[PDB]
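*Asks:* What follows is a single structure, and I will ask about it in a moment.
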Amino acid sequence: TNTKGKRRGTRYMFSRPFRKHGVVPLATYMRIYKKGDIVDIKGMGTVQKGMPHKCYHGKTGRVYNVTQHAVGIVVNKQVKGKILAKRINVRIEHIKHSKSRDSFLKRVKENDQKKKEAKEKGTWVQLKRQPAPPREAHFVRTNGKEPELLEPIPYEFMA
Amino acid sequence: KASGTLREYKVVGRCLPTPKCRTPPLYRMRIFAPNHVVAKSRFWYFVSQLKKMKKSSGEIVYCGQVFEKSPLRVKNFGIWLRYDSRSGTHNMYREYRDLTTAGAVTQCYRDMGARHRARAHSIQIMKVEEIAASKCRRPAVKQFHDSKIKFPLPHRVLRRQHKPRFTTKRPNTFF
Amino acid sequence: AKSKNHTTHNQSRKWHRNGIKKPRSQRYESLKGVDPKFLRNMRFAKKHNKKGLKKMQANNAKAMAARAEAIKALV
Amino acid sequence: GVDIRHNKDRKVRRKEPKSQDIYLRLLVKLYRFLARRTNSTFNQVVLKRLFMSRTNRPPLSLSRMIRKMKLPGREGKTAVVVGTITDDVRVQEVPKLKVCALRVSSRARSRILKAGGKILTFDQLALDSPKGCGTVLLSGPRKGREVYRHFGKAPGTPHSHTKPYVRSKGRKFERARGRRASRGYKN
Amino acid sequence: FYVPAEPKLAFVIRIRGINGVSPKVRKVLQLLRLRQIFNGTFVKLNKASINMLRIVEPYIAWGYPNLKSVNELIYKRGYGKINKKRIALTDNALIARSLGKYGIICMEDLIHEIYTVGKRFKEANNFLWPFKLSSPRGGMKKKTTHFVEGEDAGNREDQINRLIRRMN
RNA sequence: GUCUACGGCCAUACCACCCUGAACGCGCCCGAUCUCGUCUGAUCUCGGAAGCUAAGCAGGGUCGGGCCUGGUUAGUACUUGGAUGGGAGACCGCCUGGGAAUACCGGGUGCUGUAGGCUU
RNA sequence: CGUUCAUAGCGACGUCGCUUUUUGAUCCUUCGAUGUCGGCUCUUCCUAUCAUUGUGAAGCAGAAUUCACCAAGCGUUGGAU
RNA sequence: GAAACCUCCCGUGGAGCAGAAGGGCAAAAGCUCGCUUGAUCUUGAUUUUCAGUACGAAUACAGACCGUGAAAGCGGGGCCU
RNA sequence: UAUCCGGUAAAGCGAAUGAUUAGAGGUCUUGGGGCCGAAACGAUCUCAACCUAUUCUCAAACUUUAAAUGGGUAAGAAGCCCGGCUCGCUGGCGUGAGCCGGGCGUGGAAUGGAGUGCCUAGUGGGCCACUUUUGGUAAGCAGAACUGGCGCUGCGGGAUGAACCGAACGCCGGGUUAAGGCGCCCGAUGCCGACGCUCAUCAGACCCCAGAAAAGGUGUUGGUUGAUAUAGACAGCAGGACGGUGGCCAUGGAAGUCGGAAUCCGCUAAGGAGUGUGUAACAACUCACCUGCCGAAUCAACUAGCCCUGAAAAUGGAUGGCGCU
RNA sequence: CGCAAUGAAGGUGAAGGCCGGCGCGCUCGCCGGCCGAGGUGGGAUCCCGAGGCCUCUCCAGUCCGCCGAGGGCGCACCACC
Ligand SMILES: [Mg+2]
Ligand SMILES: [Mg+2]
Ligand SMILES: [Mg+2]
Ligand SMILES: [Mg+2]
Ligand SMILES: [Mg+2]
Ligand SMILES: [Mg+2]
Ligand SMILES: [Mg+2]
Ligand SMILES: [Mg+2]
Ligand SMILES: [Mg+2]
Ligand SMILES: [Mg+2]
Ligand SMILES: [Mg+2]
Ligand SMILES: [Mg+2]
Ligand SMILES: [Mg+2]
Ligand SMILES: [Mg+2]
Ligand SMILES: [Mg+2]
Ligand SMILES: [Mg+2]
Ligand SMILES: [Mg+2]
Ligand SMILES: [Mg+2]
Ligand SMILES: [Mg+2]
C-alpha cells in the first residue's frame with residue numbers, strides 16, 4: 001500500500017526542464033486573468049507556495065476568483081464514477097492561458113466578418129466547418145518520363 | 001495475403017504532393033494478387049519498406065491488371081524470392097515452366113508451401129523474368145527442353161471409383 | 001486464510017452503467033468563496049443601483065426616441 | 001442478438017388515478033375524451049393531474065390564488081387548481097374570483113362566494129371552456145411538505161442544512177460531537 | 001493518369017455478433033446503428049467518419065456500393081423511421097410526409113440523395129431504418145480475418161457489391 | 001549605421017583566443033573635504049574630469065567548441081486494434097493504423113519594446 | 001586422464017533433457033472422519049537388466065571383465081542387531 | 001610537511017540548505033551580519049486523505065495588532081513532500 | 001478540428017549520475033615493485049590511480065532525447081456587438097465587478113427523447129483468458145493493471161469439458177449462415193478436385209490442449225555460396241614420397257614424428273623442415289605433383305522442409321473410435 | 001401533533017419598499033402619504049395577435065375557423081442575487 005503524501009510521484013512532474021532552472025521569468029507573473037478565463041494548470045518546482053496538487057496538473061479549467069497573487073480556478077476532477085467540478089486556489093506561476101478557446105473566438109470573429117459582408121451581396125457563405133472530404137478527381141501527368149520500377153530488395157544479414 | 005490463382009497487377013502510386021514537393025515522382029511495381037483490393041494493399045507494403053511512404057501519405061494513381069502477352073506460348077520463368085524460414089530469412093531462385101507469369105508465380109506459391117512449409121505472408125517475390133532454353137539452372141525444367149520428347153503414362157490409376165461403386169470387373173491400368 | 005487484497009476489476013463497468021455524468025452546469029453560479037473584499041463592494045454597488053434610477057430610465061427613453069427617429073429616417 | 005439495454009424501456013408515469021372513487025373517475029372519463037379530441041394542452045395537463053397523488057397535488061391557499069390573479073393582465077379569467085382551495089386567515093380582502101377545484105374548504109368557500117365569486121366543478125369548467133380558453137392553471141407549492149426538509153445532502157455533511165430525524169429537539173438531542181467546534185468537529 | 005474521386009459513400013455491414021465486444025467498438029457500432037449482426041447502413045465518408053470505421057474494422061465488412069446496390073437495398077428492404085416505428089416504404093406518401101421538407105418526395109429522390117450524398121443526406125439516411133439483411137448465401141470466407149488477408153472484415157471497396165447481392 | 005537607460009523572450013544571446021571601433025555615450029580614470037563604509041577609499045559611498053580605448057562594452061573573425069534548426073539514421077526501433085498465423089519454447093511474420101532516438105552530414109550564430117542620444 | 005592416443009573405459013569448464021521410487025513448493029479435493037509407520041501374507045505391472053538366453057566392445061591371449069544392444073521369460077535366498 | 005594562514009586564477013553549483021530520499025534553490029532558498037517575534041489575535045472559503053465524514057497537514061483570502069525594509073514588498077513558523 | 005498535459009516502450013551513455021572492456025596518448029600526478037644506474041622526470045620497462053582523444057558493454061530506484069495507446073479543455077443565445085447607470089473595492093485620469101436598455105440566430109462528423117427526487121433489496125469469499133506486470137527454478141502457485149468472460153447462461157463447434165471459437169435463448173414452418181466439418185461411426189466431396197512433400201521394426205493427423213530439447217543423419221527434397229574440368233578431370237587400381245639435414249629448441253629421447261618457436265631453398269615432376277602408424281631413437285610403413293586404363297559431369301561447405309536417432313514406468317488403451325499410405 | 005424559530009442560558013423572536021416632509025438625506029435620526037411579501041434566468045400553461053388560406057366571377061363585406069410570425073402575463077420547480 002502506497003503513501004498518501006501530497007507530493008508522492010512528482011519527481012518528474014514538478015521539475016523544471018533541462019536548462020530552464022532558476023528565475024521564473026517575469027511575463028509569467030505579469031499577465032492578467034479575469035473571471036471566466038480558460039486556464040490550464042501546470043505545477044512548477046521553483047515556486048512551492050500555491051502549488052496545485054498532482055491531480056490537477058495537465059487539467060484545464062475556468063477562473064472563478066482572482067486574489068492578489070493567485071487565481072481560484074474551477075476544474076473537473078473525476079472520481080471513480082463521478083466527475084466533481086471543484087475549486088482550487090493556484091498561485092499564478094502554475095498557470096497559463098489555455099489557447100484552446102482562442103482559435104474558437106478567431107473563428108466566431110471571422111464568421112461575424114463573413115456574416116456582415118455577404119448580407120448586402122446576397123450570396124450566403126459556409127459558416128459551419130466541414131471534415132476533410134474525399135480528395136476529389138484529378139489528373140496526374142507522368143510528364144515525359146515513365147514510372148520508376150521498385151523491386152523489393154534481396155535480404156542479407158548485416159550484424 | 002492468401003491466394004487462389006494470382007494475377008499480375010501494375011500499380012503505380014505517389015507520395016501525394018505538398019507545397020515543398022509539388023510534382024512528386026511516380027513509383028510502379030509488379031504486384032501479384034488475387035484481386036486489385038489486396039493488390040493495392042500489397043503495393044503499399046512494398047513501398048513502405050523501400051520509401052518513406054504510407055497509404056495515408058500517398059495516392060495510388062493507376063492499379064491495373066496485366067495480361068500475359070504470349071498466353072499460348074509455353075515459357076520458362078525464372079523467379080527470385082525472399083522467404084522467411086522458421087529460422088532466418090532467405091533468398092532463392094526458383095524456376096517454373098508455364099504459359100504465364102501469373103501461373104508461374106501461383107505455381108511458386110504452391111511449391112514453397114509444399115517444399116518449405118512457407119505461407120504466403122512470409123514470401124516476397126522480387127523479380128519474375130521469362131528466360132531462354134539456356135539460362136535455366138534447374139534440371140527439373142531442363143528435361144522438357146527437347147524436340148522429340150517422348151514418354152508414356154505408365155500406371156494409369158483410375159478415377160471414377162464410384163461410377164460403379166460395385167462391379168464385377170476388376171479394373172485396368174494398362175493403356 | 002488470506003484474501004484478495006485490492007482491485008479495480010469490475011469498477012469501470014459499474015461506473016458506466018449510470019453514465020459518468022458531467023457536473024450539471026448552470027448559468028448563475030454562486031459567489032461562495034470569492035475574495036471577501038470584492039463581495040462587500042459588489043454588495044454595496046448592488047445596494048445603490050436604485051439610486052441613479054431616474055437618470056437611467058430617462059437615458060433609455062432618449063435612446064428609444066433616437067431609435068424611433070432612426071427607423072423613421074430609414075423608412 | 002441485439003444490443004439495447006432494456007433497463008429504462010418501461011416508462012413509470014401513471015395512466016389512471018390509483019384512487020377508486022367514482023366521481024373523480026367520471027372526471028377522468030370526461031377529460032380523457034377532451035384531452036384526446038381537443039387540441040387544447042390544458043386538457044392534457046388537467047388530465048395528467050387527475051391521476052396524481054394527494055402529495056403530488058398540494059393545497060392552494062386563498063392568498064396564493066389571490067396574488068397569482070393580482071398579477072398584471074390575467075383579469076376577468078378563471079383560476080384552476082386540480083387540488084383544493086384553502087383559506088388564508090392572514091388575508092382579509094378577497095376579490096371576486098372565478099375558480100375551479102376538485103375541493104374547496106368550507107371557509108374558503110364562504111369567503112369567495114361572499115365576495116361575489118363563482119365556484120366551479122371540473123365538469124362545469126369543461127362545458128364553460130372545453131379547450132381551457134381563458135384559464136389560469138395554478139398549482140400549490142409541491143415542496144411544502146415538511147418531508148422535504150429531511151431530503152438532500154445528509155446532516156453532518158459540510159454545507160448541508162438538512163433537518164435530521166430526531167426524537168425530540170432540545171439541549172441534549174444531538175447538538176454535541178459534530179455540531180459544536182468544542183466537541184470534536186463541525187460540518 | 002486520371003485518378004478519379006475518392007468515394008463519397010459506403011455501405012457498412014456488421015459481420016460479427018454481439019458478445020464480448022470492447023466498449024469503444026461497441027459505442028461506435030451503436031453510432032453507426034449497427035446493433036444486430038448483418039445490419040448495414042450507408043455512411044458518408046470523411047476524415048471523421050472513416051476513422052470511426054477504422055476503430056470498428058474487425059467488426060464490419062464495408063465499401064463502396066454500386067448504383068444497383070442502392071436500388072436493391074432501398075426497394076427490397078427500404079423501411080422508414082416514421083414516428084419511431086419501423087415502417088416499410090410502401091408508398092411515397094410515407095417518404096414525402098417525412099422528407100418532403102427537403103425536396104425528397106419519392107423513392108427515386110431518396111435513392112438520388114443517398115447515392116450522390118446530397119445536402120440532405122443525413123436526413124434521408126437517418127430516415128432509412130438500418131437494413132436487416134439475411135445471412136450471406138454461399139457463406140463467407142472467414143469472419144474473423146481481414147479481406148486483404150483472406151477474411152471478410154474491413155474495406156473491400158468494389159467487392160462490397162458482391163456481398164450485397166448474396167445477402168440482400 | 002549605432003549606442004545609453006529601463007526592458008520582453010532568455011546561448012541563433014554561452015565560452016576561448018584574434019582583429020577593428022568615427023561621433024555621442026558607456027567606461028576605465030584622478031581624488032577623499034563632506035555623506036557612507038572598510039584591516040585596507042580595492043569594493044562600497046561621495047567630489048571630480050588630467051589622461052586613455054589597454055580592459056570592460058560593441059561589430060567582425062575561427063574548415064573553433066557549444067547552442068538552434070534541417071537531413072540522415074528509417075518507415076528502422078517501438079507501438080493501437082486482428083486472426084483457430086507460425087514456432088516445442090524463446091520469440092517471429094503478416095494484416096490495421098500511429099511512428100521515434102544517437103553516431104554521420106548540412107545551414108544558422110540573437111531578435112525585438114519604450115524613452116533618450118550620436119552619425120547634425 | 002588413460003605410458004603413447006580427446007571419446008576401449010573415462011571426462012573438467014559449459015550446456016540440453018527426462019523422471020516422480022527423494023525432499024520441497026503449492027493448497028485444488030476431503031474436517032455430519034477416506035483408520036494414521038513398519039513387518040507378515042498375496043497378486044500383478046514397470047525396466048532405469050544383478051543373473052539367466054542371443055549378440056556387438058575393449059586398454060578381450062586364456063581365466064576374470066567392465067562398456068553397449070534385443071530383452072522383464074524365469075529368478076533374485078537363510079540369519080545376527 | 002598531503003592537511004594550519006594568506007593571495008591570484010578557473011569553477012552551473014560537482015557544495016550547502018537539522019533528518020530519509022525525491023524535487024527546488026547562486027547579486028538564493030547557501031554563508032555572514034543588523035534589526036526582530038507573522039511560531040501573535042479572529043471569521044469563514046478551499047486543497048489533500050476522502051464517504052468526498054473526521055483528524056493531521058496544507059492553499060488562497062479577509063479583519064486586527066506587529067516585525068522588517070529607503071521602498072515596492074515579504075512574514076500569521078521551519079523551501080516543498 | 002484546435003489546444004494543453006505526460007516521461008513508459010524505444011533510444012543514449014565520444015551528454016550528467018552510476019556502472020564497465022580495450023588499446024593509442026600523456027615524467028600531468030605520484031608512487032610502489034624492478035632491470036641498467038652511487039644517485040639522477042637519467043635510460044628502460046612496469047603496474048597504481050588521475051588526465052587527451054578514441055573504443056567495448058550496461059541501469060526498476062540514471063538520462064540529454066523520446067514515441068504509440070492515453071487525460072484535460074474548446075467547437076456560441078448562458079454567444080457576440082452597442083448605449084447608459086451602481087461601488088464603502090481599485091486608482092494620476094483609469095480599473096474591475098455588478099446592474100438596467102436595446103441590436104443581432106442553425107456556427108465540426110455520427111447517434112440518441114432528456115432532466116430530477118424519494119424509498120430501496122441482494123452484495124461486500126470470487127475466479128478465468130488476451131495483452132501488460134511483481135515475487136518465485138516453477139506451479140492447475142501467490143499478487144496488480146486493462147478489457148472481455150465464467151459466476152447469473154442455455155444453444156452450434158472444440159470427442160469429453162465453467163472460462164476456447166462461433167453465437168447469446170417466448171412457442172413453431174420455410175430459407176441462410178457462423179465457428180467447425182464432409183472414408184464409416186455421423187448431417188456433408190460417391191469432385192474423374194489442383195500442385196508438391198513424406199514411409200516411420202515409436203509414422204502423422206488442427207486455437208485454448210493435454211506433450212519434448214540440445215545435438216546428430218549422402219534418409220529424401222529443395223535452396224545458398226564456392227569450386228572443377230578436355231591444359232579431357234573426378235573417383236576406382238598401379239609408381240615415388242627426396243635432399244641442404246641429427247634443421248633448431250628440447251638430452252629424457254624427437255635426425256618430419258611426447259610437446260613448442262619455427263618453418264625456407266635445392267632438385268624440381270615433386271614431396272610438408274611433415275597427416276598419422278609406430279619407435280628410447282631410427283628404421284620400416286603410411287598420408288602431394290604427375291601420368292596408364294576407363295569415359296561426363298564431378299565435389300565441398302553451409303542452409304531449411306518432411307522422415308528418422310536423441311526418446312525410460314509401473315491395471316490393458318486410446319489422432320475420440322474404427323481405420324487410413 | 002400542527003400553526004416559529006434560535007440560544008448552554010438569562011433571554012430574544014421573522015418587512016420590506018417606495019413617496020413627501022422635518023433633522024445637514026449624514027447611504028445615520030424623526031414626522032405625514034402610497035404600495036405591500038423583493039429581483040435575474042429558465043419555465044407546462046393562459047393571453048394578445050401582424051399576417052395569411054380559401055369562398056363558382058369583380059369588388060364590398062360582417063360571421064367561422066385553421067394555422068400563426070411577433071409580443072405579453074407567467075404556476076410549480078430549479079439555479080443565482
Ligand atoms: Mg475480499
Ligand atoms: Mg433482461
Ligand atoms: Mg477472437
Ligand atoms: Mg579610488
Ligand atoms: Mg575598449
Ligand atoms: Mg582593443
Ligand atoms: Mg560551429
Ligand atoms: Mg595426455
Ligand atoms: Mg502433496
Ligand atoms: Mg475405506
Ligand atoms: Mg532397455
Ligand atoms: Mg530556511
Ligand atoms: Mg494579515
Ligand atoms: Mg514513472
Ligand atoms: Mg528502457
Ligand atoms: Mg461473505
Ligand atoms: Mg488462492
Ligand atoms: Mg456464488
Ligand atoms: Mg466469441
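Chain labels A, B, ... are given in the sequence in which chains occur in the C-alpha cells; within each chain residues are numbered consecutively from 1, and ligands are likewise numbered from 1 in the order shown.
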Give the residues close to ligand 5, within 9 Å, counting only C-alpha atoms (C1' of nucleotides) and all ligand atoms; write them as an MDAnalysis selection string.
*Replies:* chainID F and resid 21 27:28 53:57
*Asks:* How about saving the chosen residues, N, CA, C and O atoms (P, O5', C5', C4', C3', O3' and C1' of nucleotides) kept, as a PDB file, in the first residue's frame?
*Replies:*
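In the end it all went to selection-v1.pdb:
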ATOM      1  P     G F  21      40.724  50.905 -35.711  1.00  0.00           P
ATOM      2  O5'   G F  21      39.188  51.048 -35.333  1.00  0.00           O
ATOM      3  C5'   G F  21      38.727  52.242 -34.705  1.00  0.00           C
ATOM      4  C4'   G F  21      37.258  52.152 -34.380  1.00  0.00           C
ATOM      5  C3'   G F  21      36.843  52.873 -33.112  1.00  0.00           C
ATOM      6  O3'   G F  21      36.653  54.249 -33.416  1.00  0.00           O
ATOM      7  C1'   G F  21      35.963  50.688 -33.081  1.00  0.00           C
ATOM      8  P     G F  27      28.934  54.086 -16.878  1.00  0.00           P
ATOM      9  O5'   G F  27      30.103  53.021 -17.025  1.00  0.00           O
ATOM     10  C5'   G F  27      31.413  53.280 -16.506  1.00  0.00           C
ATOM     11  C4'   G F  27      32.394  52.475 -17.305  1.00  0.00           C
ATOM     12  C3'   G F  27      33.849  52.578 -16.885  1.00  0.00           C
ATOM     13  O3'   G F  27      34.149  51.600 -15.893  1.00  0.00           O
ATOM     14  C1'   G F  27      33.674  53.025 -19.186  1.00  0.00           C
ATOM     15  P     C F  28      34.410  52.021 -14.370  1.00  0.00           P
ATOM     16  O5'   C F  28      36.000  52.070 -14.285  1.00  0.00           O
ATOM     17  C5'   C F  28      36.768  50.875 -14.509  1.00  0.00           C
ATOM     18  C4'   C F  28      37.845  51.115 -15.535  1.00  0.00           C
ATOM     19  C3'   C F  28      39.019  51.958 -15.079  1.00  0.00           C
ATOM     20  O3'   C F  28      39.926  51.277 -14.220  1.00  0.00           O
ATOM     21  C1'   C F  28      38.381  52.622 -17.251  1.00  0.00           C
ATOM     22  P     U F  53      44.424  56.067 -27.117  1.00  0.00           P
ATOM     23  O5'   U F  53      42.842  55.863 -27.127  1.00  0.00           O
ATOM     24  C5'   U F  53      42.223  54.702 -27.723  1.00  0.00           C
ATOM     25  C4'   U F  53      42.350  53.494 -26.820  1.00  0.00           C
ATOM     26  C3'   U F  53      41.743  52.208 -27.364  1.00  0.00           C
ATOM     27  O3'   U F  53      42.404  51.061 -26.831  1.00  0.00           O
ATOM     28  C1'   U F  53      40.479  52.934 -25.512  1.00  0.00           C
ATOM     29  P     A F  54      42.934  49.911 -27.811  1.00  0.00           P
ATOM     30  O5'   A F  54      43.668  48.901 -26.821  1.00  0.00           O
ATOM     31  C5'   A F  54      44.934  49.233 -26.217  1.00  0.00           C
ATOM     32  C4'   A F  54      45.193  48.376 -24.996  1.00  0.00           C
ATOM     33  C3'   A F  54      43.988  47.633 -24.428  1.00  0.00           C
ATOM     34  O3'   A F  54      43.853  46.402 -25.125  1.00  0.00           O
ATOM     35  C1'   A F  54      44.992  48.882 -22.707  1.00  0.00           C
ATOM     36  P     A F  55      42.407  45.882 -25.556  1.00  0.00           P
ATOM     37  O5'   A F  55      41.677  45.702 -24.154  1.00  0.00           O
ATOM     38  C5'   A F  55      42.206  44.765 -23.203  1.00  0.00           C
ATOM     39  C4'   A F  55      41.444  44.811 -21.905  1.00  0.00           C
ATOM     40  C3'   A F  55      39.927  44.723 -21.991  1.00  0.00           C
ATOM     41  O3'   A F  55      39.468  43.410 -22.289  1.00  0.00           O
ATOM     42  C1'   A F  55      40.496  46.407 -20.476  1.00  0.00           C
ATOM     43  P     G F  56      38.126  43.202 -23.131  1.00  0.00           P
ATOM     44  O5'   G F  56      37.007  43.777 -22.155  1.00  0.00           O
ATOM     45  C5'   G F  56      36.707  43.117 -20.916  1.00  0.00           C
ATOM     46  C4'   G F  56      35.685  43.900 -20.131  1.00  0.00           C
ATOM     47  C3'   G F  56      34.332  44.091 -20.797  1.00  0.00           C
ATOM     48  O3'   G F  56      33.434  42.990 -20.703  1.00  0.00           O
ATOM     49  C1'   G F  56      35.076  46.165 -19.971  1.00  0.00           C
ATOM     50  P     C F  57      32.771  42.376 -22.033  1.00  0.00           P
ATOM     51  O5'   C F  57      31.999  43.608 -22.685  1.00  0.00           O
ATOM     52  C5'   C F  57      30.877  44.222 -22.025  1.00  0.00           C
ATOM     53  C4'   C F  57      30.365  45.425 -22.794  1.00  0.00           C
ATOM     54  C3'   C F  57      30.189  45.268 -24.297  1.00  0.00           C
ATOM     55  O3'   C F  57      28.943  44.640 -24.577  1.00  0.00           O
ATOM     56  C1'   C F  57      31.409  47.226 -23.892  1.00  0.00           C
TER      57        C F  57
END
*Asks:* Can you list, as a ChimeraX atom specification, every residue of range 2-146 of chain A that DSSP puts in strand (DSSP E or B)?
*Replies:* /A:38-41,60-66,71-79,82-90,95-97,138-139
*Asks:* Could you pull out the residues sitting within 9 Å of ligand 19, using only C-alpha atoms (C1' of nucleotides) and all ligand atoms, and write them as a list in words?
*Replies:*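 Using only C-alpha atoms (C1' of nucleotides) and all ligand atoms, I find these residues within 9 Å of ligand 19: residues 17, 18, 19, 20 and 21 of chain E; 164, 165, 166 and 167 of chain I.
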*Asks:* Filtering to C-alpha atoms (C1' of nucleotides), could you give me those residues as a PDB file, in the first residue's frame?
*Replies:*
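Contents of out_14.pdb, as written:
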ATOM      1  CA  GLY E  17     -22.007 -10.759 -33.221  1.00  0.00           C
ATOM      2  CA  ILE E  18     -22.834  -9.032 -30.009  1.00  0.00           C
ATOM      3  CA  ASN E  19     -20.859 -10.954 -27.374  1.00  0.00           C
ATOM      4  CA  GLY E  20     -17.545  -9.956 -25.784  1.00  0.00           C
ATOM      5  CA  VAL E  21     -17.137  -6.692 -27.631  1.00  0.00           C
TER       6      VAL E  21
ATOM      7  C1'   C I 164     -11.565 -21.623 -26.029  1.00  0.00           C
ATOM      8  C1'   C I 165     -14.076 -20.292 -31.102  1.00  0.00           C
ATOM      9  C1'   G I 166     -18.985 -19.120 -33.058  1.00  0.00           C
ATOM     10  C1'   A I 167     -23.247 -17.150 -31.233  1.00  0.00           C
TER      11        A I 167
END
*Asks:* Skip residue 118 in chain B itself and residues of its chain fewer than 3 positions away, then list as number ranges by chain all residues within 12 Å of it, counting only C-alpha atoms (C1' of nucleotides).
*Replies:* B: 2, 81-87, 89-90, 108-115, 121-124; F: 85-86, 93; I: 304-305
*Asks:* Please identify the residues whose atoms come within 12 Å of ligand 10, using only C-alpha atoms (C1' of nucleotides) and all ligand atoms, and report them as number ranges by chain.
*Replies:* G: 33-35
*Asks:* How about saving the chosen residues, C-alpha atoms (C1' of nucleotides) kept, as a PDB file, in the first residue's frame?
*Replies:*
ATOM      1  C1'   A G  33     -13.846 -38.503   9.924  1.00  0.00           C
ATOM      2  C1'   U G  34     -11.065 -41.809   3.063  1.00  0.00           C
ATOM      3  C1'   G G  35      -8.369 -45.763  10.019  1.00  0.00           C
TER       4        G G  35
END
*Asks:* At a cut-off of 8 Å, using only C-alpha atoms (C1' of nucleotides), what residues contact residue 72 in chain I? Leave out same-chain residues fewer than 6 positions from it and give the result as a ChimeraX atom specification.
*Replies:* /A:58-60 /I:4-5
*Asks:* Please identify every polymer residue within 12 Å of ligand 11, using only C-alpha atoms (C1' of nucleotides) and all ligand atoms, and present the set as a PDB file with C-alpha atoms (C1' of nucleotides), in the first residue's frame.
*Replies:*
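Final output, saved to part.pdb:
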ATOM      1  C1'   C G  46       7.327 -51.410 -14.874  1.00  0.00           C
ATOM      2  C1'   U G  47      12.573 -51.510 -16.508  1.00  0.00           C
ATOM      3  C1'   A G  48      16.161 -47.300 -15.417  1.00  0.00           C
ATOM      4  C1'   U G  49      18.941 -55.623 -16.724  1.00  0.00           C
ATOM      5  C1'   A G  68      26.697 -51.396 -25.060  1.00  0.00           C
ATOM      6  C1'   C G  69      22.140 -53.928 -27.835  1.00  0.00           C
ATOM      7  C1'   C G  70      17.413 -57.199 -28.276  1.00  0.00           C
ATOM      8  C1'   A G  71      15.127 -58.367 -23.897  1.00  0.00           C
ATOM      9  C1'   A G  72      11.289 -58.208 -17.875  1.00  0.00           C
TER      10        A G  72
ATOM     11  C1'   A I 311      13.041 -40.831 -26.837  1.00  0.00           C
ATOM     12  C1'   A I 312      12.743 -44.839 -19.805  1.00  0.00           C
TER      13        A I 312
END
*Asks:* Skip residue 161 in chain B itself and residues of its chain fewer than 3 positions away, then list as a PyMOL selection string all residues within 9 Å of it, counting only C-alpha atoms (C1' of nucleotides).
*Replies:* (chain B and resi 158+164-166) or (chain I and resi 190+192)
*Asks:* Could you please take those selected residues and save N, CA, C and O atoms (P, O5', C5', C4', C3', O3' and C1' of nucleotides) as a PDB file, in the first residue's frame?
*Replies:*
ATOM      1  N   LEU B 158      -6.972 -45.332 -62.005  1.00  0.00           N
ATOM      2  CA  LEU B 158      -8.291 -44.855 -62.352  1.00  0.00           C
ATOM      3  C   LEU B 158      -8.819 -43.869 -61.345  1.00  0.00           C
ATOM      4  O   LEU B 158      -8.513 -43.926 -60.154  1.00  0.00           O
ATOM      5  N   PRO B 164     -19.439 -47.213 -61.225  1.00  0.00           N
ATOM      6  CA  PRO B 164     -19.617 -48.442 -60.469  1.00  0.00           C
ATOM      7  C   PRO B 164     -18.912 -48.440 -59.119  1.00  0.00           C
ATOM      8  O   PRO B 164     -17.698 -48.647 -59.055  1.00  0.00           O
ATOM      9  N   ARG B 165     -19.653 -48.186 -58.045  1.00  0.00           N
ATOM     10  CA  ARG B 165     -19.085 -48.395 -56.720  1.00  0.00           C
ATOM     11  C   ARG B 165     -18.782 -49.874 -56.563  1.00  0.00           C
ATOM     12  O   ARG B 165     -17.769 -50.245 -55.987  1.00  0.00           O
ATOM     13  N   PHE B 166     -19.700 -50.702 -57.047  1.00  0.00           N
ATOM     14  CA  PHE B 166     -19.518 -52.138 -57.083  1.00  0.00           C
ATOM     15  C   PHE B 166     -19.572 -52.581 -58.515  1.00  0.00           C
ATOM     16  O   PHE B 166     -20.400 -52.097 -59.293  1.00  0.00           O
TER      17      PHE B 166
ATOM     18  P     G I 190     -17.277 -38.973 -50.243  1.00  0.00           P
ATOM     19  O5'   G I 190     -17.885 -40.132 -51.155  1.00  0.00           O
ATOM     20  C5'   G I 190     -17.074 -40.856 -52.101  1.00  0.00           C
ATOM     21  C4'   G I 190     -17.623 -40.731 -53.504  1.00  0.00           C
ATOM     22  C3'   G I 190     -18.285 -39.408 -53.868  1.00  0.00           C
ATOM     23  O3'   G I 190     -18.004 -39.093 -55.220  1.00  0.00           O
ATOM     24  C1'   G I 190     -19.860 -41.160 -54.060  1.00  0.00           C
ATOM     25  P     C I 192     -16.987 -36.061 -60.769  1.00  0.00           P
ATOM     26  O5'   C I 192     -15.806 -36.944 -61.368  1.00  0.00           O
ATOM     27  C5'   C I 192     -15.291 -38.108 -60.690  1.00  0.00           C
ATOM     28  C4'   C I 192     -13.782 -38.052 -60.598  1.00  0.00           C
ATOM     29  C3'   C I 192     -13.136 -36.683 -60.828  1.00  0.00           C
ATOM     30  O3'   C I 192     -12.247 -36.194 -59.812  1.00  0.00           O
ATOM     31  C1'   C I 192     -12.570 -38.244 -62.594  1.00  0.00           C
TER      32        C I 192
END
*Asks:* Give me, as a VMD selection string, all polymer residues having an atom no more than 12 Å from residue 1 in chain G, counting only C-alpha atoms (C1' of nucleotides) and skipping those fewer than 4 positions away in the same chain.
*Replies:* chain G and resid 5 to 7 9 to 12
*Asks:* Any idea what's packed within 12 Å of residue 29 in chain I, counting only C-alpha atoms (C1' of nucleotides), ignoring anything in its chain fewer than 6 positions away? Could you give it as an MDAnalysis selection string?
*Replies:* chainID I and resid 41 48:51
